[PDB]
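Only one chain comes next, encoded as structure tokens, the form deposited in one PDB entry.
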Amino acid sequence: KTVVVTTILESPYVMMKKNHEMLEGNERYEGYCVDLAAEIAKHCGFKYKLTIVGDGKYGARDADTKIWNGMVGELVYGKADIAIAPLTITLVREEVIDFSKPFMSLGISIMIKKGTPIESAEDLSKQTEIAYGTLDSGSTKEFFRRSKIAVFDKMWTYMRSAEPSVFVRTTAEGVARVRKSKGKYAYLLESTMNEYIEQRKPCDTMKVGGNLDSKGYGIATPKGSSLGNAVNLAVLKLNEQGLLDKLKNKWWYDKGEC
């Protein structure tokens, strides 16, 4: 059978090719997770179909309804066979889906418009003039929600209550807000994504200070799935045969415009 892969439009992981309209199926897309999906599939020996997650989300459990949305929900409810995406490995997700060993490491980080007087999370926590926020429905938000670290607690106490909202629907909306806000909005996002944007025109953002945590992205499968074992072993193999480092270089450092 053809394996249905859920993924998400998130640069440089999965992007539409400039000429996507002239192309069909898997050929419409390019990026790190596109290349990684093709390699996983070849090695494990299956055909596949890339499908972009319908609600545009990573995945969270609605606290009232109890339903999982996003990529996670496509797995949970049987709509997709695997997620190959910058999907963060978390405890609450690992309770309902399986993850491979991580294919890429990352931490939450700070994106500023260049010149903004902010060097750290501690600096953001101690002031009010520059607003800051996270993506509205993923692992970065949940991190703040849950932290007992005083600086991050203090940051959440401000973000959860700030008006108008400091949360954004997509990474791209966060980045555009940093860029348009004259130094007055800073964006909390994964280092991977921060570092990619920092090397793209108009070259007006930068990553500041250390990462706030350490984690990784994994390949996800529905709980129990037979595909999970093989996919895990393919991730390990591909790191060890150097493929993962090669794809990082291809999609980050070889694509630098700054």
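In this text, residue numbers run from 1 along the sequence as written. Superpose the two forms; the largest set of C-alphas matching within 1.5 Å is the rigid core.
Omitted here: the form deposited in another entry. The next part is about that form.
Annotation: the position in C203, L233, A38, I67 displaced by at least 2 Å at CA between this form and the one not shown, with the core superposed, corresponds to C203. Once both forms are overlaid on the rigid core, the distance between the two CA positions of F99 between this form and the one not shown is under 2 angstroms. Once you line up the core between this form and the one not shown, the Cα of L124 ends up 2 Å or more from where it was. After superposition on the rigid core, displacement of the C-alpha of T90 between this form and the one not shown stays below 2 Å.
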